[PDB]
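S.K.: First the structure, which I've put down as structure tokens, then a few questions once you've had a look.
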Protein chains: 2
Amino acid sequence: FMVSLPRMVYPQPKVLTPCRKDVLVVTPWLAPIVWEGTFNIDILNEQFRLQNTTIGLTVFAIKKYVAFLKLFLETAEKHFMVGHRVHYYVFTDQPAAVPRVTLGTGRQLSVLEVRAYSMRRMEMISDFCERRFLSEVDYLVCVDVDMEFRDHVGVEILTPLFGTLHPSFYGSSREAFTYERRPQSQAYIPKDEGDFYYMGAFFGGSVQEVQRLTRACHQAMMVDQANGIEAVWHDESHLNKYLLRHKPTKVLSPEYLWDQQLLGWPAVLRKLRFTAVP
Amino acid sequence: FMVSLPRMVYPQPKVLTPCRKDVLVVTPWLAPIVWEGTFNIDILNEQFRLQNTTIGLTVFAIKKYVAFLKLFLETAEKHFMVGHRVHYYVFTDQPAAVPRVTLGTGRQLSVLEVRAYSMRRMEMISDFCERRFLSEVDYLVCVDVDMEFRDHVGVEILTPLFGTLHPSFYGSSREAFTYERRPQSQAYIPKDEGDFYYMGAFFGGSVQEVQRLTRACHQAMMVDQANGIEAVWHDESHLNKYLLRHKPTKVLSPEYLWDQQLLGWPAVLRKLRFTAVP
Ligand SMILES: O=c1ccn([C@@H]2O[C@H](COP(=O)(O)OP(=O)(O)C[C@H]3O[C@H](CO)[C@H](O)[C@H](O)[C@H]3O)[C@@H](O)[C@H]2O)c(=O)[nH]1
Ligand SMILES: O=c1ccn([C@@H]2O[C@H](COP(=O)(O)OP(=O)(O)C[C@H]3O[C@H](CO)[C@H](O)[C@H](O)[C@H]3O)[C@@H](O)[C@H]2O)c(=O)[nH]1
Ligand SMILES: [Mn+2]
Ligand SMILES: [Mn+2]
């Protein structure tokens, strides 16, 4: 049950005035594509706080990638879901190497030890953590660690299932997408199919939908392994196959996954929110 | 559980090409606003058929308004949710005056007798029909009878909760909206509040959300009656208050509720789908 919003004073949306004319803001299956200028964060914050929303954030830091945790976590504290309940789940082979990061109120961090070695992340999110996540959070967000938050990443992303546009391909034709192209792989997508190329570095959704996605991708990767084939972009290839066949209910623009060193700062990006570390 | 979509060949959505530049296609709370050119109906038909979606359509035809049923139903057969399961619920004081209309396969009509007399429709949808609707349909759509379908009205509208832009106000400033303006009414909205003016002639959603809306509006109307006040636009005033405080998850453009005699055919409307009868 969703309680009433309180009175709020904000600018009237005008039907004969788009908030962005330069970009596609809705997919052909009626999922919002999230860009700056498409959302009033005050309305969204109200809606999600009234539900006492808890967001889980999963991040893997294996072997040398533990070095990325300090900046990742410290910048998440500045920019990720501030004001909402957050539970970080840090999966690592080196629990002692996790930096001691000071957290804002209503935020917690759990260190989960895993083995060091493709299949780890999807299997770990689904098989091992299924019951924990269902009990502890409403939404799960799954991200790469070799990253930093530079600007707001908030409840505008939350939805039953989301992917993020890969920053190298958002302006590309589908034949150029680096989908798995061998018909022998479960991740196979023909040259005449595909909506978008989604990056494996940022996806999420409700716990139920994330468990469905990660289970399906893990199962598909196991089939590929049994058949002696490894998809071109590993779990990302499978994520793309899944999101082709199960359309996401929001798509995040490349504001949400950017590499300034490789791609600069195009006019079409009003904010660079979550960016690659060199 | 949502099964995989089959392979489909369709045009690639291009992020740097909006499908409409002339109109707002998403609200500031990230609800799609449904216009022609924003959706691929083949994708949506697949998604909803894979769920074996059943749509209930409620319509009241009381006193002289029984005369509108023949055209309403015959044009609904041509244009409303064709290919999907439909259950019409015709509420009337004159069951014998309901025309015998031939229905396509997978479609059924129930005649529900009510008393003849504001409060009827909201109370009838909520209090009397609650259990029936939950058992029989997935979505409910609630419309005026003094109307005809001229073009496609399909699963693109379906969502947990939707309203439709009133055709007289979609280009208007909020101070001009005919909201209830007396603070003594439960439907009261101040001059500095409001997103849109929604028409009482076309709203809907999941059964659960429609029951919530109609219950809340019926309760609010009963409070008003006890306080000796009747909102300016009756149940529409209350519908507007409800949708201000509980944001709809889609908004239908005025393609979905038009009056050609009063308003002509503006360039911004590529289709006139559901229109007033003179
Ligand atoms: O030893 C490890 C190795 C991985 N990891 C974990 O796995 C995540 C993904 O790997 P990586 O970021 O290297 O992929 P990226 O290189 O960012 C993968 C991305 O860039 C590619 C080019 O390098 C392509 O553009 C591809 O499409 C894109 O997904 C990493 O962030 C860590 O959370 C770990 O903890 N220890
Ligand atoms: O004797 C009756 C009376 C009503 N009804 C039923 O109630 C529905 C609404 O009434 P109506 O269409 O007259 O309102 P409208 O006049 O279309 C109401 C609309 O137009 C107004 C101007 O006339 C304003 O623009 C207002 O904002 C808008 O909602 C009608 O379609 C029938 O299903 C019935 O069965 N028998
Ligand atoms: Mn990475
Ligand atoms: Mn009417």
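Chain labels follow the order of the structure tokens: the first chain is A, the next B, and so on; residue numbering restarts at 1 in every chain, and ligands are counted from 1 in their shown order.
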Quick one: superpose chain B onto chain A using all C-alpha atoms paired in order, least squares, and give it to me as an mmCIF file with C-alpha atoms, in the first residue's frame.

M.R.:
```
data_model
loop_
_atom_site.group_PDB
_atom_site.id
_atom_site.type_symbol
_atom_site.label_atom_id
_atom_site.label_comp_id
_atom_site.auth_asym_id
_atom_site.auth_seq_id
_atom_site.Cartn_x
_atom_site.Cartn_y
_atom_site.Cartn_z
ATOM 1 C CA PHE B 1 0.000 0.000 0.000
ATOM 2 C CA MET B 2 1.309 3.412 -1.117
ATOM 3 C CA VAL B 3 0.356 6.375 1.104
ATOM 4 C CA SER B 4 -0.499 9.827 -0.280
ATOM 5 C CA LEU B 5 2.233 12.239 -1.289
ATOM 6 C CA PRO B 6 2.244 15.489 0.710
ATOM 7 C CA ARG B 7 1.576 18.877 -0.938
ATOM 8 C CA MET B 8 4.585 19.847 -3.086
ATOM 9 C CA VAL B 9 5.358 23.046 -5.021
ATOM 10 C CA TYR B 10 7.280 22.418 -8.241
ATOM 11 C CA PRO B 11 7.237 23.496 -11.922
ATOM 12 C CA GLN B 12 4.262 22.295 -13.961
ATOM 13 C CA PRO B 13 5.150 19.682 -16.597
ATOM 14 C CA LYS B 14 3.963 21.007 -19.945
ATOM 15 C CA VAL B 15 2.878 18.433 -22.513
ATOM 16 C CA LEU B 16 3.816 20.654 -25.481
ATOM 17 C CA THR B 17 7.322 21.171 -24.058
ATOM 18 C CA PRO B 18 9.628 18.100 -24.047
ATOM 19 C CA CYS B 19 12.220 18.136 -21.245
ATOM 20 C CA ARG B 20 14.843 16.755 -23.729
ATOM 21 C CA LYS B 21 14.573 17.083 -27.549
ATOM 22 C CA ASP B 22 18.074 15.780 -28.335
ATOM 23 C CA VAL B 23 17.730 12.232 -27.031
ATOM 24 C CA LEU B 24 15.338 9.295 -26.885
ATOM 25 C CA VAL B 25 13.760 9.338 -23.398
ATOM 26 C CA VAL B 26 11.496 6.280 -23.699
ATOM 27 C CA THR B 27 12.140 2.892 -25.320
ATOM 28 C CA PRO B 28 9.692 1.392 -27.880
ATOM 29 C CA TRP B 29 8.407 -0.885 -25.080
ATOM 30 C CA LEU B 30 7.592 2.183 -22.959
ATOM 31 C CA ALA B 31 10.502 2.002 -20.506
ATOM 32 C CA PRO B 32 11.936 5.405 -19.482
ATOM 33 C CA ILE B 33 15.513 6.101 -20.528
ATOM 34 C CA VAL B 34 16.962 8.060 -17.643
ATOM 35 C CA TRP B 35 18.703 11.343 -18.574
ATOM 36 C CA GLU B 36 19.196 14.571 -16.648
ATOM 37 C CA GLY B 37 16.165 16.793 -17.159
ATOM 38 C CA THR B 38 13.663 13.873 -17.422
ATOM 39 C CA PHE B 39 12.978 13.520 -13.672
ATOM 40 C CA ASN B 40 12.038 15.649 -10.683
ATOM 41 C CA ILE B 41 14.153 14.068 -7.957
ATOM 42 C CA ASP B 42 12.012 15.614 -5.195
ATOM 43 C CA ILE B 43 8.928 13.708 -6.383
ATOM 44 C CA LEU B 44 10.913 10.486 -6.748
ATOM 45 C CA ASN B 45 12.589 10.855 -3.347
ATOM 46 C CA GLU B 46 9.168 11.308 -1.744
ATOM 47 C CA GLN B 47 7.741 8.232 -3.489
ATOM 48 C CA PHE B 48 10.620 5.957 -2.509
ATOM 49 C CA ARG B 49 11.073 7.282 1.065
ATOM 50 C CA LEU B 50 7.352 6.718 1.714
ATOM 51 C CA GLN B 51 8.023 3.045 0.938
ATOM 52 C CA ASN B 52 11.136 3.022 3.242
ATOM 53 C CA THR B 53 13.108 1.683 0.275
ATOM 54 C CA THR B 54 16.324 -0.240 0.971
ATOM 55 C CA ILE B 55 18.889 -0.498 -1.847
ATOM 56 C CA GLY B 56 21.554 -3.222 -1.867
ATOM 57 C CA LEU B 57 24.724 -2.486 -3.829
ATOM 58 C CA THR B 58 26.897 -5.454 -4.799
ATOM 59 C CA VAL B 59 30.530 -5.002 -5.750
ATOM 60 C CA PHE B 60 33.305 -7.532 -6.361
ATOM 61 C CA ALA B 61 36.880 -6.700 -5.426
ATOM 62 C CA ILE B 62 39.046 -9.696 -6.168
ATOM 63 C CA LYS B 63 42.859 -9.838 -6.264
ATOM 64 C CA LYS B 64 44.377 -6.435 -7.180
ATOM 65 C CA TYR B 65 40.943 -4.792 -7.552
ATOM 66 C CA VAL B 66 40.719 -4.360 -3.764
ATOM 67 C CA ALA B 67 42.748 -1.146 -4.398
ATOM 68 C CA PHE B 68 39.650 0.422 -5.993
ATOM 69 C CA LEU B 69 37.411 0.039 -2.930
ATOM 70 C CA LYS B 70 38.373 3.163 -0.986
ATOM 71 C CA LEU B 71 37.464 5.626 -3.741
ATOM 72 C CA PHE B 72 34.465 3.562 -4.826
ATOM 73 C CA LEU B 73 32.942 3.517 -1.328
ATOM 74 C CA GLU B 74 33.870 7.044 -0.326
ATOM 75 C CA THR B 75 32.330 8.483 -3.487
ATOM 76 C CA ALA B 76 29.257 6.199 -3.119
ATOM 77 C CA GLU B 77 28.781 7.836 0.284
ATOM 78 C CA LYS B 78 28.724 11.253 -1.419
ATOM 79 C CA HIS B 79 26.465 10.383 -4.345
ATOM 80 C CA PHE B 80 24.653 7.043 -4.209
ATOM 81 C CA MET B 81 21.112 6.975 -2.823
ATOM 82 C CA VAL B 82 21.865 9.650 -0.200
ATOM 83 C CA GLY B 83 18.919 9.875 2.206
ATOM 84 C CA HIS B 84 17.805 6.299 1.562
ATOM 85 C CA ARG B 85 18.700 3.028 3.281
ATOM 86 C CA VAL B 86 21.747 1.400 1.630
ATOM 87 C CA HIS B 87 23.386 -1.954 2.256
ATOM 88 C CA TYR B 88 26.732 -2.507 0.554
ATOM 89 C CA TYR B 89 27.782 -6.093 -0.134
ATOM 90 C CA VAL B 90 31.491 -6.276 -0.835
ATOM 91 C CA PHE B 91 32.565 -9.643 -2.242
ATOM 92 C CA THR B 92 36.305 -10.215 -1.877
ATOM 93 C CA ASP B 93 39.071 -12.782 -1.512
ATOM 94 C CA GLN B 94 40.844 -10.401 0.904
ATOM 95 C CA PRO B 95 38.498 -9.319 3.744
ATOM 96 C CA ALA B 96 41.412 -7.630 5.579
ATOM 97 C CA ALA B 97 42.098 -5.375 2.570
ATOM 98 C CA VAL B 98 38.624 -3.782 2.671
ATOM 99 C CA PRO B 99 39.236 -0.110 3.703
ATOM 100 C CA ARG B 100 37.511 1.276 6.793
ATOM 101 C CA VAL B 101 35.088 3.754 5.231
ATOM 102 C CA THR B 102 32.873 6.019 7.317
ATOM 103 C CA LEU B 103 29.198 5.670 6.432
ATOM 104 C CA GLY B 104 26.255 8.023 6.744
ATOM 105 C CA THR B 105 23.314 7.081 8.931
ATOM 106 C CA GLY B 106 21.036 4.294 7.632
ATOM 107 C CA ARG B 107 23.838 2.709 5.621
ATOM 108 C CA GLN B 108 25.689 -0.522 6.291
ATOM 109 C CA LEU B 109 28.433 -2.616 4.760
ATOM 110 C CA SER B 110 28.891 -6.391 4.800
ATOM 111 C CA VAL B 111 32.123 -8.077 3.740
ATOM 112 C CA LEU B 112 31.503 -11.431 2.028
ATOM 113 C CA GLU B 113 34.473 -13.691 1.469
ATOM 114 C CA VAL B 114 34.636 -15.584 -1.813
ATOM 115 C CA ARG B 115 37.237 -17.741 -3.599
ATOM 116 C CA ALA B 116 39.511 -16.128 -6.222
ATOM 117 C CA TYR B 117 39.675 -17.555 -9.774
ATOM 118 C CA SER B 118 33.509 -15.296 -15.865
ATOM 119 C CA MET B 119 30.859 -17.160 -13.801
ATOM 120 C CA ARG B 120 31.665 -15.927 -10.286
ATOM 121 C CA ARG B 121 29.528 -12.764 -10.152
ATOM 122 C CA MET B 122 26.287 -14.147 -11.660
ATOM 123 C CA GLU B 123 26.534 -17.355 -9.606
ATOM 124 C CA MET B 124 27.445 -15.467 -6.404
ATOM 125 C CA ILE B 125 24.587 -12.976 -6.772
ATOM 126 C CA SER B 126 22.048 -15.740 -7.519
ATOM 127 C CA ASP B 127 22.961 -19.128 -5.906
ATOM 128 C CA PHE B 128 24.748 -18.067 -2.687
ATOM 129 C CA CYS B 129 23.026 -14.802 -1.726
ATOM 130 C CA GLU B 130 19.409 -15.422 -2.780
ATOM 131 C CA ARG B 131 17.865 -15.741 0.694
ATOM 132 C CA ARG B 132 20.007 -12.986 2.237
ATOM 133 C CA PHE B 133 19.027 -10.355 -0.372
ATOM 134 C CA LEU B 134 15.319 -11.191 -0.265
ATOM 135 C CA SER B 135 15.356 -10.649 3.505
ATOM 136 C CA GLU B 136 17.467 -7.446 3.574
ATOM 137 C CA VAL B 137 16.843 -5.185 0.580
ATOM 138 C CA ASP B 138 14.110 -4.132 -1.872
ATOM 139 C CA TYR B 139 16.327 -3.464 -4.896
ATOM 140 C CA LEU B 140 19.729 -4.748 -5.928
ATOM 141 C CA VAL B 141 22.261 -2.762 -7.933
ATOM 142 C CA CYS B 142 25.275 -4.637 -9.325
ATOM 143 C CA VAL B 143 28.344 -2.612 -10.346
ATOM 144 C CA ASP B 144 32.019 -2.792 -11.249
ATOM 145 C CA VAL B 145 34.526 -1.617 -8.601
ATOM 146 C CA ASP B 146 37.008 0.136 -10.920
ATOM 147 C CA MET B 147 34.761 3.187 -10.813
ATOM 148 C CA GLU B 148 33.917 6.346 -8.909
ATOM 149 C CA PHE B 149 30.747 8.345 -8.339
ATOM 150 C CA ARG B 150 31.041 11.972 -9.451
ATOM 151 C CA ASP B 151 27.415 13.079 -9.313
ATOM 152 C CA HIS B 152 23.955 12.016 -8.194
ATOM 153 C CA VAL B 153 22.924 8.370 -8.668
ATOM 154 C CA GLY B 154 19.591 7.969 -6.907
ATOM 155 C CA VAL B 155 16.161 6.457 -6.862
ATOM 156 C CA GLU B 156 15.437 7.557 -10.442
ATOM 157 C CA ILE B 157 17.166 4.292 -11.463
ATOM 158 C CA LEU B 158 14.938 2.021 -9.416
ATOM 159 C CA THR B 159 12.471 -0.205 -11.241
ATOM 160 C CA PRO B 160 11.838 -3.949 -11.554
ATOM 161 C CA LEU B 161 14.695 -4.410 -14.042
ATOM 162 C CA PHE B 162 17.270 -2.027 -15.528
ATOM 163 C CA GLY B 163 20.310 -2.033 -17.767
ATOM 164 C CA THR B 164 22.720 0.769 -18.641
ATOM 165 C CA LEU B 165 23.825 1.884 -22.119
ATOM 166 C CA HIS B 166 27.484 1.021 -22.741
ATOM 167 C CA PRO B 167 29.240 4.367 -23.359
ATOM 168 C CA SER B 168 31.051 3.119 -26.509
ATOM 169 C CA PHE B 169 27.855 2.080 -28.344
ATOM 170 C CA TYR B 170 24.963 4.419 -27.522
ATOM 171 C CA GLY B 171 25.302 6.135 -30.934
ATOM 172 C CA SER B 172 26.133 2.913 -32.833
ATOM 173 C CA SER B 173 24.113 0.770 -35.220
ATOM 174 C CA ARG B 174 23.222 -2.694 -33.878
ATOM 175 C CA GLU B 175 25.472 -4.537 -36.353
ATOM 176 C CA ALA B 176 28.415 -2.751 -34.611
ATOM 177 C CA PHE B 177 27.371 -3.917 -31.112
ATOM 178 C CA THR B 178 29.837 -6.442 -29.678
ATOM 179 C CA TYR B 179 27.152 -9.068 -29.018
ATOM 180 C CA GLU B 180 28.181 -12.715 -29.071
ATOM 181 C CA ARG B 181 27.877 -13.623 -32.778
ATOM 182 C CA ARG B 182 28.552 -17.383 -32.792
ATOM 183 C CA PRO B 183 25.298 -19.426 -33.001
ATOM 184 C CA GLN B 184 26.955 -22.123 -30.829
ATOM 185 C CA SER B 185 26.777 -19.826 -27.758
ATOM 186 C CA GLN B 186 23.702 -19.308 -25.579
ATOM 187 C CA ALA B 187 24.499 -15.564 -25.742
ATOM 188 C CA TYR B 188 24.148 -15.516 -29.566
ATOM 189 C CA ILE B 189 22.358 -12.505 -31.056
ATOM 190 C CA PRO B 190 22.000 -12.237 -34.904
ATOM 191 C CA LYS B 191 22.994 -9.036 -36.742
ATOM 192 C CA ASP B 192 19.358 -8.001 -37.299
ATOM 193 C CA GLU B 193 18.407 -8.194 -33.591
ATOM 194 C CA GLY B 194 19.141 -6.010 -30.572
ATOM 195 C CA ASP B 195 17.796 -2.836 -29.003
ATOM 196 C CA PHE B 196 20.908 -1.587 -27.183
ATOM 197 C CA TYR B 197 24.328 -2.717 -26.036
ATOM 198 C CA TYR B 198 24.111 -2.804 -22.233
ATOM 199 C CA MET B 199 27.322 -2.661 -20.110
ATOM 200 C CA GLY B 200 27.923 -5.424 -17.581
ATOM 201 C CA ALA B 201 29.216 -2.791 -15.121
ATOM 202 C CA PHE B 202 25.799 -1.466 -13.962
ATOM 203 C CA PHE B 203 22.508 -3.394 -13.899
ATOM 204 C CA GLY B 204 19.856 -4.023 -11.238
ATOM 205 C CA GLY B 205 16.235 -4.161 -10.325
ATOM 206 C CA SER B 206 14.019 -5.673 -7.667
ATOM 207 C CA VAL B 207 15.592 -8.568 -5.793
ATOM 208 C CA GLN B 208 13.255 -10.992 -7.581
ATOM 209 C CA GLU B 209 14.154 -9.712 -11.069
ATOM 210 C CA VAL B 210 17.869 -9.555 -10.337
ATOM 211 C CA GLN B 211 17.797 -13.160 -9.029
ATOM 212 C CA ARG B 212 15.958 -14.205 -12.252
ATOM 213 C CA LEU B 213 18.518 -12.435 -14.437
ATOM 214 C CA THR B 214 21.588 -13.727 -12.615
ATOM 215 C CA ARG B 215 20.188 -17.290 -12.434
ATOM 216 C CA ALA B 216 19.442 -17.276 -16.175
ATOM 217 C CA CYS B 217 22.885 -15.868 -17.069
ATOM 218 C CA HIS B 218 24.647 -18.376 -14.773
ATOM 219 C CA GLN B 219 22.696 -21.275 -16.315
ATOM 220 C CA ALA B 220 23.477 -20.020 -19.847
ATOM 221 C CA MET B 221 27.199 -19.687 -18.972
ATOM 222 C CA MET B 222 27.245 -23.255 -17.628
ATOM 223 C CA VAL B 223 25.727 -24.531 -20.903
ATOM 224 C CA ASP B 224 28.419 -22.616 -22.833
ATOM 225 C CA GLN B 225 31.163 -24.086 -20.601
ATOM 226 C CA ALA B 226 29.805 -27.636 -21.199
ATOM 227 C CA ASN B 227 29.875 -26.871 -24.954
ATOM 228 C CA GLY B 228 33.482 -25.526 -24.833
ATOM 229 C CA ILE B 229 32.683 -21.925 -25.740
ATOM 230 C CA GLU B 230 33.191 -18.680 -23.810
ATOM 231 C CA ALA B 231 31.165 -15.669 -24.939
ATOM 232 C CA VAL B 232 33.180 -12.712 -26.350
ATOM 233 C CA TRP B 233 32.354 -10.432 -23.384
ATOM 234 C CA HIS B 234 31.730 -13.115 -20.781
ATOM 235 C CA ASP B 235 28.836 -12.291 -18.423
ATOM 236 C CA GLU B 236 28.107 -9.072 -20.356
ATOM 237 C CA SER B 237 27.298 -11.113 -23.484
ATOM 238 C CA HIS B 238 24.771 -13.122 -21.470
ATOM 239 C CA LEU B 239 23.377 -9.996 -19.819
ATOM 240 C CA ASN B 240 22.738 -8.639 -23.332
ATOM 241 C CA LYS B 241 20.974 -11.806 -24.449
ATOM 242 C CA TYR B 242 18.806 -11.740 -21.326
ATOM 243 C CA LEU B 243 17.820 -8.075 -21.727
ATOM 244 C CA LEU B 244 16.995 -8.598 -25.393
ATOM 245 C CA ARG B 245 14.507 -11.364 -24.454
ATOM 246 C CA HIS B 246 13.318 -9.773 -21.155
ATOM 247 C CA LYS B 247 13.005 -6.037 -21.767
ATOM 248 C CA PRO B 248 14.205 -3.797 -18.916
ATOM 249 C CA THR B 249 11.609 -1.539 -17.323
ATOM 250 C CA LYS B 250 14.120 1.389 -17.297
ATOM 251 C CA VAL B 251 17.299 2.002 -19.251
ATOM 252 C CA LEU B 252 20.030 4.217 -17.801
ATOM 253 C CA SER B 253 21.689 6.693 -20.133
ATOM 254 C CA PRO B 254 25.505 6.814 -20.425
ATOM 255 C CA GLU B 255 25.541 9.511 -17.693
ATOM 256 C CA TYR B 256 25.465 6.408 -15.452
ATOM 257 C CA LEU B 257 28.501 4.655 -16.978
ATOM 258 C CA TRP B 258 31.099 6.900 -18.549
ATOM 259 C CA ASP B 259 34.808 6.984 -19.311
ATOM 260 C CA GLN B 260 36.026 10.577 -19.575
ATOM 261 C CA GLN B 261 39.593 9.596 -20.508
ATOM 262 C CA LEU B 262 38.408 7.561 -23.503
ATOM 263 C CA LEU B 263 35.309 9.570 -24.488
ATOM 264 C CA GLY B 264 35.616 13.123 -23.100
ATOM 265 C CA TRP B 265 32.492 15.070 -22.104
ATOM 266 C CA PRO B 266 29.983 15.355 -24.989
ATOM 267 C CA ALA B 267 27.299 18.042 -24.924
ATOM 268 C CA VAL B 268 24.607 15.359 -24.767
ATOM 269 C CA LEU B 269 25.827 14.389 -21.270
ATOM 270 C CA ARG B 270 24.754 17.050 -18.823
ATOM 271 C CA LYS B 271 26.185 15.083 -15.896
ATOM 272 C CA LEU B 272 28.887 12.444 -15.586
ATOM 273 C CA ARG B 273 27.583 10.425 -12.648
ATOM 274 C CA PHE B 274 29.556 7.164 -12.404
ATOM 275 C CA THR B 275 32.856 6.963 -14.242
ATOM 276 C CA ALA B 276 35.769 4.644 -14.958
ATOM 277 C CA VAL B 277 38.968 4.990 -12.939
ATOM 278 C CA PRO B 278 42.215 4.907 -14.998
#
```

S.K.: I'd like to know which residues of stretch 13-245 of chain A are alpha helix (DSSP H) (by DSSP, run on the backbone); could you write them as a PyMOL selection string?

M.R.: chain A and resi 41-49+69-79+120-123+130-136+207-226+235-245

S.K.: DSSP on the backbone, then: every residue of stretch 11-73 of chain B marked strand (DSSP E or B), written as a list in words.

M.R.: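 Output for stretch 11-73 of chain B, strand (DSSP E or B) only: residues 26, 32, 33, 34, 54, 55, 56, 57, 58, 59, 60 and 61 of chain B.
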